[PDB]
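These notes are about the structure you will find just below.
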Amino acid sequence: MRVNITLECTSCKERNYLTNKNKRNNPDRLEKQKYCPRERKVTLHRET
Amino acid sequence: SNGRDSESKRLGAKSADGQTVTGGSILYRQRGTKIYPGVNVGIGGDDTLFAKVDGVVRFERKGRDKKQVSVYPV
Amino acid sequence: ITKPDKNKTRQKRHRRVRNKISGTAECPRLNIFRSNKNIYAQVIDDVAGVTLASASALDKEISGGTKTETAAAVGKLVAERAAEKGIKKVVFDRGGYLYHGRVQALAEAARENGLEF
Amino acid sequence: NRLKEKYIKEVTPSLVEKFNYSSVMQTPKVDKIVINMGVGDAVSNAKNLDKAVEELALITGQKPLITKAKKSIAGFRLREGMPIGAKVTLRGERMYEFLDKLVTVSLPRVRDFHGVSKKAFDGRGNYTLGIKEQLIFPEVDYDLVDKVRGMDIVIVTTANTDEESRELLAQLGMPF
Amino acid sequence: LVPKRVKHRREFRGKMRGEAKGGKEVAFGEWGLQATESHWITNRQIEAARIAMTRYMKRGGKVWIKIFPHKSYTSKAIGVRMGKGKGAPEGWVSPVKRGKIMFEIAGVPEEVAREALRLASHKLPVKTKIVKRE
Amino acid sequence: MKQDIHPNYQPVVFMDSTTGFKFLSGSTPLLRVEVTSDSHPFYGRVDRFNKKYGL
Amino acid sequence: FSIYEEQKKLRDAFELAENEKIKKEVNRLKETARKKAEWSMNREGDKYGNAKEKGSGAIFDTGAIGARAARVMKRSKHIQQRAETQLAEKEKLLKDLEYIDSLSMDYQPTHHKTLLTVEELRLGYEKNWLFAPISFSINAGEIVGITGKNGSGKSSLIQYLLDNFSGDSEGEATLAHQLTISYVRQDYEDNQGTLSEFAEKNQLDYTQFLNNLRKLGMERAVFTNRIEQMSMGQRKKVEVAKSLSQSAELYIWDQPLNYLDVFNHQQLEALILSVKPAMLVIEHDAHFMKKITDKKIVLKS
RNA sequence: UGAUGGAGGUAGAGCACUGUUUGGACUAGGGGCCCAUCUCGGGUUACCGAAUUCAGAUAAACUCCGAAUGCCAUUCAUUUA
RNA sequence: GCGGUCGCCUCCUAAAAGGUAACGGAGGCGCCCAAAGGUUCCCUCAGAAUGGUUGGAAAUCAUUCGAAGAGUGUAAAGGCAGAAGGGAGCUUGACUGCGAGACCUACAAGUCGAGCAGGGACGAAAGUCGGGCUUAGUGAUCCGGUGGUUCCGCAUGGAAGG
RNA sequence: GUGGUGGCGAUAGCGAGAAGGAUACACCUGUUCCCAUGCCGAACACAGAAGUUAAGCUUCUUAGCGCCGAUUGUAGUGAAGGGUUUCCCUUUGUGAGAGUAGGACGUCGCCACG
RNA sequence: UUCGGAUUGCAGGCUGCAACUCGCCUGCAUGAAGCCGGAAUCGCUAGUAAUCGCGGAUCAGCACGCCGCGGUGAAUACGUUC
RNA sequence: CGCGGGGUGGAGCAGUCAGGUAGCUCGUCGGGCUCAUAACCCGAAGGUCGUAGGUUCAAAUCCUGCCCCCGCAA
Ligand SMILES: Nc1ncnc2c1ncn2[C@@H]1O[C@H](COP(=O)(O)OP(=O)(O)OP(=O)(O)O)[C@@H](O)[C@H]1O
Ligand SMILES: [K+]
Ligand SMILES: [K+]
Ligand SMILES: [Mg+2]
Ligand SMILES: [Mg+2]
Ligand SMILES: [Mg+2]
Ligand SMILES: [Mg+2]
Ligand SMILES: [Mg+2]
Ligand SMILES: [Mg+2]
Ligand SMILES: [Mg+2]
Ligand SMILES: [Mg+2]
Ligand SMILES: [Mg+2]
């Protein structure tokens, strides 16, 4: 239910982040604005 | 049953009054701020006090019944 | 029925600001006080516990009946006195009020007149 | 605003001549009037609570604040944070209009209104009334009064005392 | 006597050096029973002495028990080797230091008081004596 | 007073035709009212037996 | 699918039988373990005597006494470990089963022995009248199977009954006075949102609703989903559960049997044949209507 | 070793919190008895008694307090190594 | 031998630094939170008395009393009402590379960390933000799997495979 | 003298009582605008200056509450010993807590105005 | 339901020394159960059944009963397996 | 004090694993059939599953305790 999760830069398709979430409370595919060091900017990181 | 306990963690003071010390040192480990931070002193996630710059450690009463740590350099 | 005293509530919020702003000789406080009528503005080194400049609508030099414009005027004048005293940088102690009205106008005036918060 | 003009002109001299105040700012002054409606049955279905919100709105012209529990009580299947009824706080001209509406319309319209209690005070100069039965003026909209629940109607003052509050409400119109 | 509730079943036996903090002078009654030695005193001892005093007084006067058995005490069954934990609580006890007053009496003449306390003293383990209030 | 949440609260008249009393106050222009402070008062079996059988 | 039925029955038989074996044997071994253990403890009691009687002690070779007691406990433990291995074998079982359940139905009849009548009803659009005129009736405890081809006008008839027919009508159709309908339609797309909101829009008991859903076979991990997300069979189960939870006197079922499982077919048949309420039914599974109804009525142009 | 400055809540003491606990004043409340019974309102065993209060106690897992020692440190002193 | 225990956290024991054993006393953990985080702004609790309708012993309303007697996701301890407690906005710093220096430490590990750089959040700004109130929520290597890679590629180019 | 703003362990506080508003601070009149109230211009914010300082706020009295706090004496205890050794005693040194005597209804500054 | 009329409140009428226990009738108002009745069971073959009212005996007053009276007026009986 | 197995209408039992809203048989009560009783037929009553709480939309069921019964020990 509570699962460990690799996020991913939608552009680079690079994972770049590890995190946690419920599936009940956070069923929709999580997203954030996180730093991609390969681009050295901030970018929409989407769960995968 | 009752036979178990955890690793004792080595809290309390680690630097003494009137003692010169390096920056980034540790002065007082603690769980909960049994002593507050003061001059040139920070506080960590685990409420541990650390001197940001060099100087002599000085402990002081923060008024009536709460304590303080301070680091006055030279 | 009783009512809270606005000044005492102001002082509570004020101390809560004091615990993370304090004036020094290199970056003093600009300490606001605000009445129903007038507005006072001190400039303070908390290290020595001594002021460096003052301003008020109660100083014969202002223009404007609107309290916000009096606030702007005292901002101009306290900025003038500070630059005369020999400092440009300062911390803005909002006194326990909101940075919205008279206080905002005063601080914006002083920023324009040269100071660097 | 007739009630406020009365409070300024007729009440205050007639009050100070008795109570012997060395300043008009010792005058008892109505600071607010609070309405409350506890429901409880809303825990069964809060549609009745929506209805109570509706009636407070129709009564006052003022949306109410829904109150909520700070506790859970197994005796009533009650959970903290759930909506126990509603309240309103009138202040000013709206408050005076509401009180004047009470005295001049809806205290008579109770079936057997020969008066009200005199002892219903807190010992500190603030009055507490209670409507046991709804439907006390025409715009209660009798066509959709599903249930009579009642109201608590607190009347807060700057009055130091029972006596000040009682005399004030006497001159204002409350038929003790 | 028993405490109706306790936070911790098992306790330490403790120590008994030194005189008593309080209960050191007679307060409610006219006469009292002072301990000259420190010792543990139990439910059964207290109740036996109380009954002795009451019967010799013929339900006259009034008695006051100042001590109380707050503490417990364990034991192992005969045949049990040491270890494998701590024993089960047998009864309840009061550690009574020297200088302590245990029983006070009033509402009864002096000779009757002395004799009743004499009886209770013979029932108790402690070396005791008589005390009188001013 | 916020917008879009409060009912329309308009000055209206309350009228007691029993006494003709005319009052103004805000509610949700002239309205019908039966009784009020200016028209309300507060602001048997022996007899019946005797009526039925004169005594 | 017949072969699949046979082989899955065989699998289930094997699973259940092996589970029963394991349960029986584990209980046996636990009993024997406890008894061997008590025997060992009684032997350990021989290390010691009795204080009440003189001479019982002074015991010699307590080491051998304890050794033998230990061997008996080691028997007990070997037997317990066997039981644990058998439990491990058990845990691999009962995974591919369904655990079928019955259903319920909030049928609420009244004095109306005539619940619906139809008289000379010829029905259609633009006077292209869609089926020859019919007269029939639905009484209490009577089921009526209205049938015909596709586009024969069955849902159109239902629309004429419930007054939302946008076509041309000639003939009579009369409900009772204050009759309550429950309703399972052919076009349930309109349902949307969570179930705690669906059951508010449709005045239902949330508990009875989810109960009838789980009895139909929806796992309770699904109640957190949305009707937009559910499979078509699950949406269909939502519709059927609405119907079964609605206290009603006539039931109108427009193809409940489409997007469901064989288990659900069986549940519905068993329930309707057990209760025998007053119902209008529309199906193309002729076998189902044979199992239930004799009053069958074939509308046609 | 001395001087100085610190951390620290132990023995002791105390009840200012948390628990245990004695006696007394008062008492919500709980018991019967009777009158009144729609079982409705009382009046008493100096009936059992929350809670408050007075006085007295108690504690390893209570502290309003709090040592002696011991500990850390002093480009401090003395003596040794 | 059975029972119980084996890893981790909290208290007492533990003898006012730290540490300290027992088959000594008591309890917990093998997670949760997308806001229960961050920032800005604002607020202060529990209970008692009084009064009031259903509504009672006790829901909700109002005043006073009210120094914490509450709450702090979850055990106990410590601490917190200058809030770490509570509420509402804007967000995602629950960032990347690091890291002087200290604490603990047999080793392996564990803990704290100012400060620098990049690129940001909030805020007017100061300035805070490298998860939560602090301390448990975890386990080596080998071996496999997934993604990326400017690395290698058995004479060369690839490929296999690392 | 009032107001603002800081430091010192409330010896500063809490309660009660008296007086005052010259300026001042305040209440106070409103919602016109910036802005705001899970409802309300009560609070926030804005504008004003009819009125009263009644309250708050200042100054004074009060030792009722709370705070501080000796000296003496004791318990405890380091070191050195003794005894009849789960404890008790002696020499020396230190030395509480409690209970008091007593203090204490503030001290130190900076700035603006009168 | 304008069904059904119970029950209940109020006013009256008669009888009779007296209508509370404990009468009959009327008016007003309320307007319950009950939508043809399980297992089972009863009467009846012709002016019968079914239904409709009328009178009388007792009776100061009071019967949905009893006795009698007449009005309207069916269906069925294959047949003795049971 | 501990370890196992039990507490479901009056009796005996499932349902407990796998939460889905209390049932099987007998018995009791009432009415029918019968000359009467039994059998038979038609009806009903009797339990929130030992109990106080949690988890859940929902608990006999899962969790935590508390109180009784049968074995051992004791
Ligand atoms: N609005 C319309 N206009 C014209 N014809 C229509 C309309 N709605 C339906 N029809 C036609 O009516 C006929 C039957 O329609 P209906 O919806 O009643 O079918 P049905 O009985 O449910 O059929 P099926 O077995 O396919 O479900 C079909 O020929 C259809 O095309
Ligand atoms: K003795
Ligand atoms: K007659
Ligand atoms: Mg942390
Ligand atoms: Mg169709
Ligand atoms: Mg002690
Ligand atoms: Mg230590
Ligand atoms: Mg190659
Ligand atoms: Mg090659
Ligand atoms: Mg002292
Ligand atoms: Mg015949
Ligand atoms: Mg029978």
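In segment G:224-301, counting only strands (runs of 3 or more DSSP E) that sit wholly within it, the ones holding 1 or more residues that are over 21 Å from the mean Cα position of the chain (by Cα) and β-branched (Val, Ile, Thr) span G:279-282, G:296-298. For segment G:48-64: of the residues being of a type outside the set (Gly, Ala, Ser) and more than 14 Å from chain E (Cβ to nearest Cβ), which is nearest to the chain's Cα centre (by Cα)? Only one residue fits best here, namely G:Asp61. Quick one: in segment D:44-64, of everything that is closer than 18 Å to F:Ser25 by Cα and of a type in the set (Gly, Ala, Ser), which residue is farthest from the other protein chains (Cβ to nearest Cβ)? By that ranking, first place goes to D:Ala57. Pairs meeting the criteria (first residue in segment F:25-36 and over 14 Å from D:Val140 (Cβ atoms) and within 7 Å of chain D (Cβ to nearest Cβ), second residue assigned to a loop (DSSP other than H, G, I, E, B) and of a type in the set (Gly, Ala, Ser), beta carbons under 7 Å, at least 6 apart or on different chains) are F:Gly26/D:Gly61. From the list D:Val103, D:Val39, the lone residue that is surrounded by 16 or more Cβ atoms within 10 Å (Cβ to Cβ), in a loop (DSSP other than H, G, I, E, B), in contact with a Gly (Cβ under 9 Å, 6 or more places away or on another chain) and not polar (S, T, N, Q) is D:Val39. Of everything listed in (1) within 26 Å of G:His284 (Cα to Cα); (2) touching a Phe, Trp or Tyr at 6+ places or on another chain (Cβ under 7 Å); (3) charged (D, E, K, R), the single unmet condition for G:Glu98 is (1). Screening the candidates B:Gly24, B:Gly63, B:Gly32 for the property of being surrounded by fewer than 14 Cβ atoms within 10 Å (Cβ to Cβ), within 14 Å of another protein chain (Cβ to nearest Cβ), more than 16 Å from RNA strand L (Cβ to nearest atom) and at positive phi yields one hit, B:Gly63. In segment B:1-60, of all residues being outside any loop (DSSP other than H, G, I, E, B) and either within 16 Å of ligand 2 (Cβ to nearest atom) or basic (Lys, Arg) (or both), the one that is nearest to E:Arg10 (Cα to Cα) corresponds to B:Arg29. Could you please let me know if D:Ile84 is more than 16 Å from the chain's Cα centre (by Cα), crowded, with 17+ Cβ neighbours inside 10 Å, of a type in the set (A, V, I, L, M) and away from chain F (no Cβ under 14 Å)? When the stated conditions are applied, D:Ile84 passes them.
Of all residues assigned to segment C:4-14, at least one qualifies as being within 9 Å of RNA strand J (Cβ to nearest atom) and within 14 Å of chain D (Cβ to nearest Cβ). Does F:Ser25 meet the test of being outside any strand (DSSP E or B) and surrounded by 15 or more Cβ atoms within 10 Å (Cβ to Cβ)? In short, no.
Annotation note: Cβ proximity below 8 Å between a residue of segment E:11-34 that is closer than 22 Å to E:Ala113 by Cα and a residue that is within 16 Å of ligand 1 (Cβ to nearest atom) (sequence gap 6+ or interchain) occurs for no pair.
Residues are listed down the side, and each one gets a yes or a no for (1) more than 7 Å from every other protein chain (Cβ to nearest Cβ); (2) hydroxyl-bearing (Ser, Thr, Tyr); (3) under 30 Å from D:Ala170 (Cα atoms); (4) not in a helix (DSSP H, G or I):
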residue	(1), (2), (3), (4)
F:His6	no, no, no, yes
F:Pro11	yes, no, yes, yes
F:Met15	yes, no, yes, yes
F:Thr18	yes, yes, yes, yes
F:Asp38	yes, no, yes, yes
F:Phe42	no, no, yes, yes
F:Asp47	yes, no, no, no
F:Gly54	yes, no, no, yes
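Residues in segment B:20-52 that are within 13 Å of RNA strand H (Cβ to nearest atom) and among the basic types (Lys, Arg): B:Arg29, B:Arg31, B:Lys34. Between E:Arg9, E:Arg13, E:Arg17, the distinction of being part of a loop (DSSP other than H, G, I, E, B), among the charged types (D, E, K, R), more than 16 Å from ligand 5 (Cβ to nearest atom) and surrounded by 11 or more Cβ atoms within 10 Å (Cβ to Cβ) belongs to E:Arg13 only. When residues in segment D:127-153 are screened for being within 19 Å of D:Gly40 (Cβ to Cβ) and either part of a loop (DSSP other than H, G, I, E, B) or within 14 Å of chain C (Cβ to nearest Cβ) (or both), 9 of them pass.
Restricting attention to segment G:73-114 and to residues that are more than 29 Å from the chain's Cα centre (by Cα) and β-branched (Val, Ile, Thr), the residue that is farthest from ligand 5 (Cβ to nearest atom) turns out to be G:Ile79.
Residue-wise test of (1) within 14 Å of another protein chain (Cβ to nearest Cβ); (2) polar (S, T, N, Q); (3) surrounded by 13 or more Cβ atoms within 10 Å (Cβ to Cβ).
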residue	(1), (2), (3)
E:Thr42	no, yes, yes
E:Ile51	no, no, yes
E:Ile78	yes, no, no
E:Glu90	no, no, no
E:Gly99	no, no, yes
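Out of all the residues in segment D:87-98, is one or more farther than 29 Å from G:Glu200 by Cα, basic (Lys, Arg), within 14 Å of chain F (Cβ to nearest Cβ) and over 13 Å from the mean Cα position of the chain (by Cα)? No - not one qualifying residue is present in segment D:87-98.
When we count neighbours, we look across all protein chains shown, and the Cβ atoms used for this are built from the backbone with ideal geometry, even at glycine. Values quoted throughout were computed directly from the atomic coordinates according to the rules given, and no laboratory measurement underlies them.
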